[PDB]
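Here the structure is laid out as structure tokens; the discussion comes afterwards.
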Amino acid sequence: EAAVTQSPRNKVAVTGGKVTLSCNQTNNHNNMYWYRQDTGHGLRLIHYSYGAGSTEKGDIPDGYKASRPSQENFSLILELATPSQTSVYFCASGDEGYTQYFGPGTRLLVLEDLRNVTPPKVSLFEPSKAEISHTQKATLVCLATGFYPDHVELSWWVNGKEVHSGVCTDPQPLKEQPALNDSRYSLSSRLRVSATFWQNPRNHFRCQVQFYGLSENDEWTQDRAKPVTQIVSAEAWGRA
Amino acid sequence: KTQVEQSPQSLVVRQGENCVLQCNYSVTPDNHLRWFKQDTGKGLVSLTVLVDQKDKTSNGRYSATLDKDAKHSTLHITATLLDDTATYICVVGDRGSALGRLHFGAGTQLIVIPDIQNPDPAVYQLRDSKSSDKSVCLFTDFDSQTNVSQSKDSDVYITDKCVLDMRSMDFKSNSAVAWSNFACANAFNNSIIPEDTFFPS
Amino acid sequence: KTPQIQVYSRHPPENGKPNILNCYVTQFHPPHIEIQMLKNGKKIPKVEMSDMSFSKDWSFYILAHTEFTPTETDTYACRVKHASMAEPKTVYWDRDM
Amino acid sequence: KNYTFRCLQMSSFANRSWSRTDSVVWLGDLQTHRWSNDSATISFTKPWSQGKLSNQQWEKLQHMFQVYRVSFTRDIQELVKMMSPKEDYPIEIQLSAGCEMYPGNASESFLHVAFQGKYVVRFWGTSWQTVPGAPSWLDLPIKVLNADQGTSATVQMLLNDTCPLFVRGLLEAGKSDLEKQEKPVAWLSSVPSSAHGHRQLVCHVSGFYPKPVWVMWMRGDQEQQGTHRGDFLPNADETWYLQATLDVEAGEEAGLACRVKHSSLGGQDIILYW
Ligand SMILES: CCCCCCCCCCCCCCCCCCCCCCCCCC(=O)N[C@@H](CO[C@H]1O[C@H](CO)[C@H](OCc2ccc(C(F)(F)F)cc2)[C@H](O)[C@H]1O)[C@H](O)[C@H](O)CCCCCCCCCCCCCC
Ligand SMILES: *[C@@H]1O[C@H](CO[C@@H]2O[C@@H](C)[C@@H](O)[C@@H](O)[C@@H]2O)[C@@H](O[C@@H]2O[C@H](CO)[C@@H](O[C@@H]3O[C@H](CO)[C@@H](O)[C@H](O)[C@@H]3O)[C@H](O)[C@H]2NC(C)=O)[C@H](O)[C@H]1NC(C)=O
Ligand SMILES: *[C@@H]1O[C@H](CO)[C@@H](O[C@@H]2O[C@H](CO)[C@@H](O)[C@H](O)[C@H]2NC(C)=O)[C@H](O)[C@H]1NC(C)=O
Ligand SMILES: *[C@@H]1O[C@H](CO)[C@@H](O)[C@H](O)[C@H]1NC(C)=O
Ligand code: NA
């Protein structure tokens, strides 16, 4: 019941820039907390608040400033962002009890420069007639390519509704040019359905990639299009 | 160095098998202990919480114990399914109130290998909707014993194997994609694929 | 509250004979206090303090004491420095009182 | 016969970082335990301080307190952050736990908490509650402390079961030391009072135990109603000191005596003539 929300869910930033992670809570909880998760370590407390106006130092407060403007909101402010603050940031809330109700998490990547940032090109590949005849199943393949950094959320949508059943996405994107340093990534995903469902021409299949990049505030010196946080997708109807 | 240590660091189990996760701590005092479950790029799903000196808990397939004298806790998982593939975190709260601090463990990376009943290995060619010039090769319907490897040519791209789960039909199948700028017969050469692989034409 | 000091001897006071001198400081808070037992204004070394405690009214008390041989000439006192007071208070021992 | 057991704790908090906690324990008017901030363990001040507890029983009990002292310090520090900027350092907290012993198997345990020298909180029944006179801001601290079910159960067991059991042991183990009898020594003296032609005779009494004592100035066999006795001042060797003062006229100290009755004397009362 006691839900907690975080925003942004995914963020890309440059060294020296300001980053503001927010955390809304409508449980009327006095106490709110900020953690960060790093592979090899557990969740470590950064800052916490006992009420509007209050902010307290945690275990690892250095590099962060907290802010509790109200009971609901509790913000973690990175005044001068650095690569060492690349982490997953979790927010929590609770009453006088020991239970702390955690939020969904916030991924942050702090790059050195934004010069190589690029959104993906999405292609949707239709299933083979061989597969349908052999297995009586239809596998659609999605392909995001030529994007940097690797902060993307690939998802499948059938008739404007997200499908999870019969979906497989690559756990980690592979590099296009492993030799080069700042290499662009590629990501594949698969959606398997029954033949009759694919053969139905009133079913609209769509693979969507939520790319996270620059914002409106970020300055851009290059001549190409500004690689902002955007969506790219590919679509296809059924056919018998 | 840390006050909460988990074991094993990681482990791999086949679907249907059991596994036991350890958690030793040196936190004082120890009010309660909580086991979380963190899927790949997801939040913290609580499994159970133990409070008594010699407490026992259960949550269907999940069950856990705690001995505060030994400062030890286990998490038993009966009949592991594919979805159990996650990081399992151990947490110890030193108070029974908001005054307490939570001491987190590094976690235990569990990987459940799926049980493929009826394999039917094949390498199909798929075509792009926009422009039909481009294509990908889909090696699919192979059992967990088969291992896909990276391509010989760097221009050719091959992904690691991945499993999906059609829940309505109760069906699981491994799959891997390959593409380049190249035929499907030549796609998965550098890979020990089954001999009875169906190459259509 | 301002601390109440009281000086008294354990045994009957007689010139020459060794004896113990007590200094009982009471009715003070906060408990941070500096107690000194003096001989002719000079600081007596090695003075045994009792463990600090408090009464029903939550007011702190402590017993300082030391050995002494009371002469006709020599004067003994108990100096107390406390946050409540501005200048340290000094209560002199009177064999008669 | 009715002995009161007291566990007095004194905690000073100067700022966020610096703090010290000191404790003493009294059975009647005899110190049984000491526990300095410096010391990691509780010190016995008497040979019978462990009572009728086994060595293992004492270790379990001592460890319980050792954990409490660390947890108490951090809790208070966090409670100050919670209320801030309502209340701020410096802060002085005092606890007065214990249990009065009545004849038979009858007792009354208590746990009184004072904040800046003012009795504000107590443990009653199965929870912390405020008392009349306590500020309203304490309600949140109380709410938090009552959320801790484990602390409640532990304190309940401590007051209800452990305190009376433990003290019943002490009274047996330190019977002779509690029921000891020491003889008072007396001596006379005089000083000039505020008045012009008035003297003030003083009758010193020192080195007696227990506390109950009778001291009066007398003219032959006539009680002097002017006699005003002071407070009971302690000695280092765990005996009591008392002086009785009587205001008189100068050249009118003829046939004035100080009679002193005490249990240890046993009939043979002390009389000192001027
Ligand atoms: C007291 C009588 C003793 C007589 C017998 C012995 C006498 C021998 C002489 C002893 C010499 C020492 C004299 C010292 C005297 C002063 C101290 C007297 C008062 C003692 C209070 C005892 C409190 C002990 C508990 C404690 O450490 N709490 C600690 C630690 O608690 C944690 O660890 C415990 C381990 O025992 C429990 O886990 C075990 C556990 C878990 C779950 C369960 C259960 F039931 F769910 F299954 C059970 C158990 C607990 O669950 C857990 O949270 C807790 O932090 C307390 O809040 C400390 C502070 C308590 C005092 C508060 C006073 C009020 C102050 C108000 C001022 C506000 C002002 C604000 C500006
Ligand atoms: C320990 O003993 C207390 C009572 O003893 C008193 O409080 C101690 C802390 C000491 O100061 C003693 O000297 C003093 O005599 C027990 O407290 C009582 O517990 C009962 C049962 O839990 C309570 O009954 C409840 O009452 C409420 C309404 O008030 C109902 O809603 C509940 O359904 C239930 O009937 C009772 O209130 C409480 N008594 C008082 C005076 O508060 C305590 O249970 C006991 N604990 C143990 C572990 O022995
Ligand atoms: C009172 O005791 C506490 C606990 O023993 C002292 O706190 C420790 O102080 C030492 C060195 O002084 C540090 O190394 C520890 O990190 C502290 N531990 C804890 C748990 O606080 C405290 O310094 C003592 N205070 C005084 C004034 O003596
Ligand atoms: C805290 O208080 C102590 C004792 O009064 C003092 O010596 C110390 O300097 C103070 N420390 C800080 C950081 O204020
Ligand atoms: Na971390």
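Naming scheme: A, B, ... for chains in displayed order of the structure tokens; residues 1 onward per chain; ligands 1 onward as shown.
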Item to check | Residues within 7 Å of ligand 4, counting only C-alpha atoms and all ligand atoms, as a ChimeraX atom specification | outcome: /D:14-15,17-18
Next on the checklist: List the spatial neighbours of stretch 92-103 of chain D as a VMD selection string - criterion: any atom at most 10 Å away, only C-alpha atoms, same-chain residues fewer than 3 positions off excluded.
Outcome noted: (chain C and resid 29 to 31 54 to 56 58) or (chain D and resid 1 to 14 19 21 to 23 25 to 28 76 89 106 to 119 121 to 123 158 to 160 162 to 164 167 to 168 171)
Checklist entry - Among stretch 132-227 of chain A, which ones does DSSP place in alpha helix (DSSP H), written as a list in words? => result residues 132, 133, 134, 135, 195, 196, 197, 198 and 199 of chain A
Let me see the file: selected residues, N, CA and C atoms, as a compact mmCIF listing (two decimals), in the first residue's frame.
```txt
# COMPACT_ATOMS: atom_id res chain seq x y z
N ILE A 132 6.97 -20.61 -38.76
CA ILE A 132 5.52 -20.71 -38.55
C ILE A 132 5.03 -22.11 -38.95
N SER A 133 5.56 -22.64 -40.06
CA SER A 133 5.17 -23.95 -40.59
C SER A 133 5.71 -25.07 -39.70
N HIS A 134 6.91 -24.86 -39.14
CA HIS A 134 7.65 -25.89 -38.41
C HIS A 134 7.18 -25.97 -36.95
N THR A 135 7.16 -24.82 -36.26
CA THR A 135 6.93 -24.75 -34.81
C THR A 135 5.51 -24.25 -34.48
N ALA A 195 1.29 -18.52 -34.00
CA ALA A 195 1.20 -18.22 -35.43
C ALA A 195 -0.11 -17.48 -35.74
N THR A 196 -1.21 -17.97 -35.17
CA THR A 196 -2.56 -17.43 -35.41
C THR A 196 -2.65 -15.98 -34.94
N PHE A 197 -1.92 -15.65 -33.87
CA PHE A 197 -1.89 -14.30 -33.30
C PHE A 197 -1.13 -13.34 -34.24
N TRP A 198 -0.03 -13.83 -34.82
CA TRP A 198 0.76 -13.07 -35.80
C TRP A 198 -0.01 -12.94 -37.12
N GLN A 199 -0.71 -14.01 -37.51
CA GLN A 199 -1.43 -14.09 -38.79
C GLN A 199 -2.66 -13.16 -38.77
```
Checklist entry - Looking only at the backbone, which of the residues in chain A does DSSP tag as strand (DSSP E or B), as number ranges by chain? => result A: 4-7, 10-14, 19-25, 31-37, 44-49, 56-57, 65-67, 75-78, 87-94, 101-102, 106-111, 118, 121-126, 137-148, 152-158, 162-163, 167-169, 174-175, 185-194, 204-211, 214, 228, 230-237
Write to file, as a JSON list (two decimals), in the first residue's frame, the residues of the selection just made, with C-alpha atoms.
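Done, and the output landed in out06.json:
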```json
[["chain", "number", "residue", "atom", "x", "y", "z"],
["A", 4, "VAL", "CA", 7.22, 5.62, -2.99],
["A", 5, "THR", "CA", 8.15, 7.23, -6.34],
["A", 6, "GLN", "CA", 11.51, 8.47, -7.69],
["A", 7, "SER", "CA", 12.37, 10.76, -10.63],
["A", 10, "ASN", "CA", 17.31, 7.04, -15.51],
["A", 11, "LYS", "CA", 19.75, 9.95, -15.97],
["A", 12, "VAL", "CA", 22.89, 10.77, -18.01],
["A", 13, "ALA", "CA", 25.10, 13.70, -16.93],
["A", 14, "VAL", "CA", 28.56, 15.24, -17.53],
["A", 19, "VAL", "CA", 22.07, 16.53, -10.92],
["A", 20, "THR", "CA", 18.90, 16.55, -8.76],
["A", 21, "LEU", "CA", 17.36, 13.18, -7.80],
["A", 22, "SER", "CA", 13.84, 13.63, -6.33],
["A", 23, "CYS", "CA", 11.65, 11.30, -4.23],
["A", 24, "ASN", "CA", 7.90, 11.87, -3.68],
["A", 25, "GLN", "CA", 5.93, 10.02, -0.96],
["A", 31, "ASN", "CA", 11.34, 9.89, 7.95],
["A", 32, "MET", "CA", 12.94, 9.56, 4.48],
["A", 33, "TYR", "CA", 16.30, 8.09, 3.41],
["A", 34, "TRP", "CA", 18.77, 8.08, 0.47],
["A", 35, "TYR", "CA", 21.00, 5.10, -0.41],
["A", 36, "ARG", "CA", 23.26, 4.12, -3.33],
["A", 37, "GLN", "CA", 24.00, 0.59, -4.64],
["A", 44, "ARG", "CA", 25.01, 2.59, 1.94],
["A", 45, "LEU", "CA", 23.14, 5.55, 3.49],
["A", 46, "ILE", "CA", 24.01, 9.00, 2.05],
["A", 47, "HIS", "CA", 21.52, 11.38, 3.75],
["A", 48, "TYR", "CA", 18.25, 11.11, 5.70],
["A", 49, "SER", "CA", 15.54, 13.44, 7.09],
["A", 56, "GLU", "CA", 21.27, 14.60, 8.36],
["A", 57, "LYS", "CA", 24.59, 13.11, 7.18],
["A", 65, "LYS", "CA", 23.60, 17.79, -0.43],
["A", 66, "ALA", "CA", 20.11, 16.82, 0.81],
["A", 67, "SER", "CA", 16.94, 18.95, 0.83],
["A", 75, "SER", "CA", 15.79, 15.56, -2.97],
["A", 76, "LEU", "CA", 19.42, 14.41, -3.32],
["A", 77, "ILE", "CA", 21.45, 17.16, -5.04],
["A", 78, "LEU", "CA", 24.81, 16.45, -6.72],
["A", 87, "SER", "CA", 25.52, 4.30, -9.23],
["A", 88, "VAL", "CA", 21.92, 3.16, -8.62],
["A", 89, "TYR", "CA", 20.27, 5.46, -6.03],
["A", 90, "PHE", "CA", 17.42, 4.11, -3.87],
["A", 91, "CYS", "CA", 15.01, 6.25, -1.81],
["A", 92, "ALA", "CA", 12.99, 5.01, 1.19],
["A", 93, "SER", "CA", 10.40, 6.28, 3.70],
["A", 94, "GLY", "CA", 8.90, 5.12, 7.02],
["A", 101, "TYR", "CA", 9.51, 1.17, 2.22],
["A", 102, "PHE", "CA", 11.94, 1.46, -0.73],
["A", 106, "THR", "CA", 17.34, 5.54, -10.03],
["A", 107, "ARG", "CA", 20.26, 4.76, -12.39],
["A", 108, "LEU", "CA", 22.83, 7.56, -12.86],
["A", 109, "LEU", "CA", 25.77, 7.61, -15.31],
["A", 110, "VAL", "CA", 28.26, 10.51, -15.11],
["A", 111, "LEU", "CA", 30.31, 10.67, -18.35],
["A", 118, "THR", "CA", 24.03, 9.20, -29.92],
["A", 121, "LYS", "CA", 18.27, 3.24, -34.92],
["A", 122, "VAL", "CA", 15.49, 0.67, -34.31],
["A", 123, "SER", "CA", 14.60, -2.08, -36.81],
["A", 124, "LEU", "CA", 11.79, -4.65, -36.39],
["A", 125, "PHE", "CA", 12.38, -8.00, -38.14],
["A", 126, "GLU", "CA", 9.29, -10.05, -39.10],
["A", 137, "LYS", "CA", 5.12, -20.00, -33.53],
["A", 138, "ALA", "CA", 6.17, -16.52, -34.73],
["A", 139, "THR", "CA", 9.32, -14.81, -33.36],
["A", 140, "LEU", "CA", 9.70, -11.05, -33.93],
["A", 141, "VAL", "CA", 13.22, -9.61, -33.46],
["A", 142, "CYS", "CA", 13.99, -5.99, -32.50],
["A", 143, "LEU", "CA", 17.41, -4.38, -33.02],
["A", 144, "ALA", "CA", 18.64, -1.11, -31.46],
["A", 145, "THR", "CA", 22.04, -0.15, -32.95],
["A", 146, "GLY", "CA", 24.62, 2.67, -32.89],
["A", 147, "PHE", "CA", 23.75, 4.28, -29.54],
["A", 148, "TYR", "CA", 25.84, 5.68, -26.66],
["A", 152, "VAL", "CA", 18.24, 2.22, -22.87],
["A", 153, "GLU", "CA", 14.93, 0.55, -21.88],
["A", 154, "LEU", "CA", 13.65, -1.74, -24.67],
["A", 155, "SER", "CA", 9.97, -2.80, -24.42],
["A", 156, "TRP", "CA", 7.32, -4.49, -26.61],
["A", 157, "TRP", "CA", 3.80, -3.07, -27.18],
["A", 158, "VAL", "CA", 0.91, -5.03, -28.76],
["A", 162, "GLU", "CA", 2.95, -3.52, -23.05],
["A", 163, "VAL", "CA", 3.56, -7.30, -23.25],
["A", 167, "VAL", "CA", 9.73, -11.61, -24.29],
["A", 168, "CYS", "CA", 13.53, -11.97, -24.11],
["A", 169, "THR", "CA", 16.01, -9.04, -24.03],
["A", 174, "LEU", "CA", 27.34, -5.70, -27.03],
["A", 175, "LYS", "CA", 29.84, -3.18, -28.49],
["A", 185, "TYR", "CA", 26.41, -0.21, -28.50],
["A", 186, "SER", "CA", 23.80, -2.57, -29.99],
["A", 187, "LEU", "CA", 20.87, -4.38, -28.30],
["A", 188, "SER", "CA", 18.56, -7.15, -29.59],
["A", 189, "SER", "CA", 15.21, -8.34, -28.17],
["A", 190, "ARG", "CA", 12.76, -11.11, -29.11],
["A", 191, "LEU", "CA", 8.94, -11.48, -28.90],
["A", 192, "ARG", "CA", 7.54, -14.98, -29.52],
["A", 193, "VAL", "CA", 3.78, -15.40, -30.13],
["A", 194, "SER", "CA", 1.49, -18.09, -31.61],
["A", 204, "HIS", "CA", -0.29, -4.05, -34.22],
["A", 205, "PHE", "CA", 3.21, -5.05, -33.00],
["A", 206, "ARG", "CA", 5.70, -2.34, -31.94],
["A", 207, "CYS", "CA", 9.19, -2.44, -30.40],
["A", 208, "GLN", "CA", 10.07, 0.78, -28.50],
["A", 209, "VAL", "CA", 13.46, 1.92, -27.14],
["A", 210, "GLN", "CA", 13.51, 4.60, -24.40],
["A", 211, "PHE", "CA", 16.93, 6.24, -24.96],
["A", 214, "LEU", "CA", 21.00, 15.02, -23.14],
["A", 228, "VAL", "CA", 18.36, 14.19, -26.34],
["A", 230, "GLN", "CA", 13.88, 10.43, -26.73],
["A", 231, "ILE", "CA", 11.95, 7.37, -27.95],
["A", 232, "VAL", "CA", 12.73, 5.42, -31.14],
["A", 233, "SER", "CA", 10.50, 2.56, -32.33],
["A", 234, "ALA", "CA", 9.61, 0.27, -35.24],
["A", 235, "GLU", "CA", 6.15, -1.17, -36.02],
["A", 236, "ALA", "CA", 4.50, -3.94, -38.08],
["A", 237, "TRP", "CA", 0.95, -5.31, -38.55]]
```
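Inspection of the environment of ligand 3, which uses only C-alpha atoms and all ligand atoms and a cut-off of 6 Å, identifies the neighbouring residues as residues 19, 20, 37 and 38 of chain D.
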Checklist entry - Within 8 Å of chain D, which residues of chain C show up when using only C-alpha atoms, listed as a PyMOL selection string? => result chain C and resi 10-12+22+24+29-30+50-54+58-59+63+65+95-97
Checklist entry - Near residue C:75, within 9 Å and counting only C-alpha atoms, which residues show up once chain neighbours fewer than 6 positions away are dropped, as a VMD selection string? => result chain C and resid 38 to 41 92 to 94
Serialized selection, N, CA and C atoms, as an mmCIF file, in the first residue's frame:
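File part-v8.cif, as written:
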```cif
data_model
loop_
_atom_site.group_PDB
_atom_site.id
_atom_site.type_symbol
_atom_site.label_atom_id
_atom_site.label_comp_id
_atom_site.auth_asym_id
_atom_site.auth_seq_id
_atom_site.Cartn_x
_atom_site.Cartn_y
_atom_site.Cartn_z
ATOM 1 N N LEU C 38 42.088 22.630 50.140
ATOM 2 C CA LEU C 38 43.231 23.531 50.275
ATOM 3 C C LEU C 38 43.820 23.435 51.688
ATOM 4 N N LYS C 39 45.139 23.636 51.774
ATOM 5 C CA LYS C 39 45.868 23.779 53.032
ATOM 6 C C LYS C 39 46.698 25.066 52.961
ATOM 7 N N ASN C 40 46.229 26.105 53.666
ATOM 8 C CA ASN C 40 46.844 27.437 53.679
ATOM 9 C C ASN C 40 46.822 28.032 52.263
ATOM 10 N N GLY C 41 45.758 27.726 51.508
ATOM 11 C CA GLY C 41 45.546 28.251 50.158
ATOM 12 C C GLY C 41 46.150 27.374 49.070
ATOM 13 N N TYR C 92 35.876 27.660 54.489
ATOM 14 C CA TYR C 92 36.978 27.323 55.389
ATOM 15 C C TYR C 92 36.472 26.398 56.502
ATOM 16 N N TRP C 93 37.346 25.488 56.945
ATOM 17 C CA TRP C 93 37.074 24.606 58.072
ATOM 18 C C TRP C 93 37.239 25.389 59.378
ATOM 19 N N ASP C 94 36.229 25.290 60.247
ATOM 20 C CA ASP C 94 36.283 25.810 61.605
ATOM 21 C C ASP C 94 36.026 24.643 62.564
#
```
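Near residue D:147, within a cut-off of 8 Å and counting only C-alpha atoms, sit the residues residues 96 and 97 of chain A; 96 and 97 of chain B, with same-chain residues fewer than 5 positions away left out.
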Take the residues just selected and output them with N, CA, C and O atoms as a PDB file, in the first residue's frame.
```
ATOM      1  N   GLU A  96       7.409   5.713  12.549  1.00  0.00           N
ATOM      2  CA  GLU A  96       8.214   5.471  13.754  1.00  0.00           C
ATOM      3  C   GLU A  96       8.723   4.020  13.785  1.00  0.00           C
ATOM      4  O   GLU A  96       9.707   3.731  14.467  1.00  0.00           O
ATOM      5  N   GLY A  97       8.051   3.120  13.055  1.00  0.00           N
ATOM      6  CA  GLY A  97       8.437   1.706  12.953  1.00  0.00           C
ATOM      7  C   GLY A  97       9.753   1.520  12.213  1.00  0.00           C
ATOM      8  O   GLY A  97      10.247   2.442  11.567  1.00  0.00           O
TER       9      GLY A  97
ATOM     10  N   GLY B  96      14.284  -1.782  16.799  1.00  0.00           N
ATOM     11  CA  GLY B  96      12.892  -2.059  16.453  1.00  0.00           C
ATOM     12  C   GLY B  96      12.090  -0.777  16.287  1.00  0.00           C
ATOM     13  O   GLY B  96      10.908  -0.729  16.633  1.00  0.00           O
ATOM     14  N   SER B  97      12.743   0.258  15.744  1.00  0.00           N
ATOM     15  CA  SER B  97      12.160   1.582  15.557  1.00  0.00           C
ATOM     16  C   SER B  97      12.920   2.325  14.449  1.00  0.00           C
ATOM     17  O   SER B  97      13.874   1.793  13.880  1.00  0.00           O
TER      18      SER B  97
END
```
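Checking B:112, B:176, B:99, B:106 one by one against ligand 1, counting only C-alpha atoms and all ligand atoms, you find the shortest gap at B:99.
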Next on the checklist: Could you work out which residues of chain B fall inside 10 Å of chain D? Count only C-alpha atoms, and format the result as a ChimeraX atom specification.
Outcome noted: /B:28-29,31-32,51-52,94-100
Checklist entry - Of the residues A:165, A:181, A:54, A:71, which is the one nearest to chain D, using only C-alpha atoms? => result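 Of A:165, A:181, A:54, A:71, the one nearest chain D is A:54, counting only C-alpha atoms.
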Checklist entry - Can you tell me, as a list in words, what residues are no more than 10 Å from residue B:3 when counting only C-alpha atoms, ignoring any on the same chain fewer than 5 positions away? => result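 Result of the neighbour search: residues 24, 25, 26, 27, 28, 92, 103, 104 and 105 of chain B.
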For the residues selected in the previous step, produce a file with C-alpha atoms as a PDB file, in the first residue's frame.
```
ATOM      1  CA  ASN B  24      26.463 -14.171   8.846  1.00  0.00           C
ATOM      2  CA  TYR B  25      26.629 -10.783  10.625  1.00  0.00           C
ATOM      3  CA  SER B  26      28.495  -9.069  13.496  1.00  0.00           C
ATOM      4  CA  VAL B  27      25.885  -6.289  13.986  1.00  0.00           C
ATOM      5  CA  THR B  28      24.993  -5.500  17.632  1.00  0.00           C
ATOM      6  CA  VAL B  92      19.987  -6.481   9.583  1.00  0.00           C
ATOM      7  CA  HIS B 103      23.211  -2.939   7.594  1.00  0.00           C
ATOM      8  CA  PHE B 104      23.092  -4.379   4.048  1.00  0.00           C
ATOM      9  CA  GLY B 105      24.966  -7.361   2.578  1.00  0.00           C
TER      10      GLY B 105
END
```
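Taking atom 48 (C, counted along the ligand's line) of ligand 1 and atom CA of residue B:1 as endpoints, the distance between them is 27.3 Å.
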Next on the checklist: Between B:12, B:177, B:20, B:184, which residue has the minimum interatomic distance to chain A, considering only C-alpha atoms?
Outcome noted: B:177
Checklist entry - Given the choices D:231, D:87, D:238, D:161, which gets closest to ligand 2 if the distance is worked out from only C-alpha atoms and all ligand atoms? => result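 Smallest separation from ligand 2 among the options: D:161.
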